[PDB]
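Data first, discussion second: the structure below is written as structure tokens.
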Amino acid sequence: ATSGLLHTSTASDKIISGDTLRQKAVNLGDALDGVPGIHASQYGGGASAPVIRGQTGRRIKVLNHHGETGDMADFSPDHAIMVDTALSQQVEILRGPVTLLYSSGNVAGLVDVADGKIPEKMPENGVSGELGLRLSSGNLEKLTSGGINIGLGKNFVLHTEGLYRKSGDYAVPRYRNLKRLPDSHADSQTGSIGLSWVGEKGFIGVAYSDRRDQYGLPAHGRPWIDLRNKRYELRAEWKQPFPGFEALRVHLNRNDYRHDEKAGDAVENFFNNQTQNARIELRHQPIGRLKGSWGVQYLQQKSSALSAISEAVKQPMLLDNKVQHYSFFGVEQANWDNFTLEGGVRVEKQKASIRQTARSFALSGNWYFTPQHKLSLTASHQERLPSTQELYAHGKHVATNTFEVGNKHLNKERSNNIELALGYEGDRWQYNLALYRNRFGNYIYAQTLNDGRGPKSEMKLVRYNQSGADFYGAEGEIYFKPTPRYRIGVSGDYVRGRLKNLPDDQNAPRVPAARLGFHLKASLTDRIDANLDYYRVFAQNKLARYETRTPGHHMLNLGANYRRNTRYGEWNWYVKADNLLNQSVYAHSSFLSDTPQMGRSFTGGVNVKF
Ligand SMILES: [Zn+2]
Ligand SMILES: [Zn+2]
Ligand SMILES: [Zn+2]
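Under the deposited numbering, read the sequence shown as residues 22 to 241, 300 to 433, 457 to 558, 564 to 610, 628 to 734, first letter to last.
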């Protein structure tokens, strides 16, 4: 776990390796689909938000290596997330006090994408990195990833990575009378440069990262988003700052983001986000077994979103605003031999210039009976301040086709959370189970209106209104291996929410359906690793104020890897087939509930590691 400076890993946490992510999809929400707990809020082939336990947007949090993504994915699911899955070293899903180190109101879980912009190490044999290439049938995709590390002398290490994606209109099963879904194509390209130092003591690295996606918009010339993302960042960390401390960490950032929701070659809605995050973390010495780490964060996001109409005539959806976070945070764990008790805190001040104070804190205890055998309980009272969107909304959004309305008098989102989990692994039997339960004293949500003033899949109207809520659900998995050479297992998840006491007792908006999963993986022999995954997704009968029924399909995915150690590093061949039954995959979690996802599709790729 690289996200936490202080390691406070709970039983609920999990880390997917990089080699597997090259075989998975490119989008964050779609690639992480299959893992128990997280569902995909797919909005075409361009963007997809990860729905962690029926939570999304600002309720979750995504970080681009110990720093803010600087994106507008939290605004709506159609917006792309500025994180590179195919270029990342490893993705890691985390919960507990470590959530309070970065963001407020992170009730579901943190998802830090560790990338290789800055090496932080002298590469083996001078140079290192990787190269990739894969084509998907029916999409039709053309991915070409890349990554290079160069030893520029004794202690300097230069890094240069590249990526390019080109997917047309993907195929749909039994959708009226269409072979491919119109306006669902998604082209993209990503590249980054980074120069770093190497220890002892530590590293002092800079990095530039550029991205430019071009994707259509299903469900509305031709609707499409053209975005540009420039990121000027700086990372540094060493093991000996000054006496009485074990580590010093700093992650400066400047993420310039922009996207144009166009229709043909004309711009209907402009967007902008001048993020510039700064943070100074430090991990003090162990004061008798117990360890901790404190830090300060200074963030400033000058975001805005205008339309084709001028400012003099109509009020924009999101006028120019200058948000400033002045956050203080810290964590402290106490290792009592076979029992770890950790507690985090976070206090931040908001200055919305065109001043309330947030106060979050958590506490978690982890009992280890006989490692690996992790029993863990967690509870976190988190208070998230409302964004400028939730208060100052008064315009139309052409991509979703929904008029967003705000409110001048709203309170902060307080939330008393609680969750427990039991993990185990020991050759023959392996299983991870977890229960979560979230109470919200104040839960702001997009209440579908209704009139109103007058007069008005056509044109939707929403207003951010307060409400009490109560979420609860179970999630986990189990793997019984008869022989280490093979691997068999079963997984499952469930989520349920309601809204109690309005200023009654209705269901939550867009709740993911239950998904049982069957798993197989046979590695015969050594190099060739075959596998099979059957995800049975049931229908969601419990619908919200203004929603419809959603199935309810039998998903089936197969795969077959192939390792090879030749000259110039390792080679990784792989062939993956998705949805052999060709079922009509309708996702209620996403906004595009009536639109079916990609049907039958194949994949064949090669990745050279070195
Ligand atoms: Zn870092
Ligand atoms: Zn007005
Ligand atoms: Zn949008």
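Ideal Cβ positions, reconstructed from N, Cα and C, are used throughout, including at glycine.
Inter-residue spacing [alpha-carbon to alpha-carbon] between residue i and residue j
i       : j       : result
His-100 : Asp-529 : 43 Å
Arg-669 : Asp-553 : 15 Å
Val-597 : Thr-674 : 24 Å
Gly-50  : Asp-40  : 18 Å
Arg-651 : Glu-421 : 41 Å
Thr-690 : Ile-37  : 25 Å
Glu-325 : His-363 : 5 Å
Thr-480 : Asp-399 : 39 Å
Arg-333 : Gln-379 : 9 Å
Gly-189 : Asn-198 : 18 Å
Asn-572 : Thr-550 : 10 Å
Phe-408 : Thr-459 : 13 Å
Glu-515 : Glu-485 : 6 Å
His-712 : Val-661 : 11 Å
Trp-317 : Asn-655 : 41 Å
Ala-501 : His-241 : 7 Å
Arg-307 : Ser-383 : 15 Å
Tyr-692 : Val-635 : 48 Å
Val-392 : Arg-233 : 32 Å
Residue i, enclosing beta strand (DSSP E) - first and last residue
i       : result
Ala-668 : Unbroken run through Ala-668: none, as it is neither H nor E.
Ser-517 : 515-528
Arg-539 : 531-542
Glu-113 : 109-115
Top-ranked residue by Cα proximity to residue i, from the options
i       : options                               : result
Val-227 : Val-134, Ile-114, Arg-314 and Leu-465 : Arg-314
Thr-419 : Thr-459, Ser-462 and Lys-476          : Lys-476
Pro-488 : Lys-510, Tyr-470, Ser-230 and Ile-114 : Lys-510
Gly-153 : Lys-163, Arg-516 and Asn-146          : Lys-163
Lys-567 : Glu-671, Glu-89 and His-206           : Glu-671
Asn-176 : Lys-142, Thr-165, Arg-197 and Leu-156 : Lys-142
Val-730 : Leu-716, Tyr-710, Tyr-686 and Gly-147 : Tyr-686
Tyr-123 : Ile-359, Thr-649 and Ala-654          : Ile-359
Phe-471 : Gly-525, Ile-433, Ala-345 and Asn-696 : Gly-525
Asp-702 : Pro-589, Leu-327, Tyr-710 and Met-722 : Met-722
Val-104 : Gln-532, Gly-323 and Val-83           : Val-83
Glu-145 : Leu-156, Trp-218 and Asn-170          : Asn-170
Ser-574 : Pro-633, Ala-207 and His-87           : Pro-633
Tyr-659 : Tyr-336, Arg-539 and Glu-584          : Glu-584
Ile-546 : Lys-381, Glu-492, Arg-368 and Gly-423 : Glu-492
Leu-716 : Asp-629, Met-93, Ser-149 and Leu-238  : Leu-238
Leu-397 : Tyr-494, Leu-369, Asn-348 and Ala-387 : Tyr-494
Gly-604 : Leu-648, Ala-646 and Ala-576          : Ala-576
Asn-417 : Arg-233, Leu-369 and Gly-683          : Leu-369
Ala-684 : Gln-707, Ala-663, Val-709 and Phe-726 : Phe-726
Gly-117 : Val-410, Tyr-377, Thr-90 and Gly-91   : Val-410
Where the alpha helix (DSSP H) containing residue i begins and where it ends
i       : result
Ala-52  : 49-52
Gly-39  : 39-42
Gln-76  : That residue, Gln-76, is in no alpha helix (DSSP H); it is neither H nor E in DSSP.
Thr-690 : Neither: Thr-690 is in no alpha helix (DSSP H) and is coded neither H nor E.
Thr-490 : 490-493
Contact test: residue i Cβ vs ligand 3 heavy atom, cutoff 7 Å
i       : result
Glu-340 : yes
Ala-501 : yes
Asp-99  : yes
Proximity test, residue i beta-carbon vs ligand 2 heavy atom, cut-off 7 Å
i       : result
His-496 : yes
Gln-364 : no
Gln-394 : yes
Contact test: residue i Cβ vs ligand 1 heavy atom, cutoff 7 Å
i          : result
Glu-316    : yes
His-86     : yes
residue 15 : Since the first and last residues shown for the chain are 22 and 734, residue 15 lies out of range.
Own chain, CB closer than 6 Å to residue i, minus 5 neighbours either side, in chain order
i           : result
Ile-114     : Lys-35, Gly-130 and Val-132
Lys-428     : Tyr-405 and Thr-459
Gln-394     : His-496
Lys-138     : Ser-213, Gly-215 and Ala-228
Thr-120     : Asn-127 and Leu-131
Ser-462     : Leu-121, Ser-125, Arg-425, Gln-484 and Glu-485
residue 625 : For the chain, the structure lists 610 followed at once by 628, and that leaves residue 625 out of the model.
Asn-534     : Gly-525, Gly-583 and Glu-584
Same chain, Cβ closer than 8 Å to residue i, neighbours up to 5 away in sequence not counted
i       : result
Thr-504 : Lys-498, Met-566, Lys-567, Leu-568 and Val-569
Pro-591 : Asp-529
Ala-107 : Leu-42, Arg-43, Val-47, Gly-153, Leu-164, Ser-166 and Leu-184
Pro-302 : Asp-204, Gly-237, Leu-238, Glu-340, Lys-341, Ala-342, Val-500 and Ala-501
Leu-512 : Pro-488, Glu-492, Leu-493, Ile-546, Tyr-571 and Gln-573
Other residues of its chain near residue i: CB distance less than 7 Å, five sequence neighbours each side excluded
i       : result
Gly-58  : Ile-73, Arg-74, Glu-582 and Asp-600
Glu-527 : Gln-474
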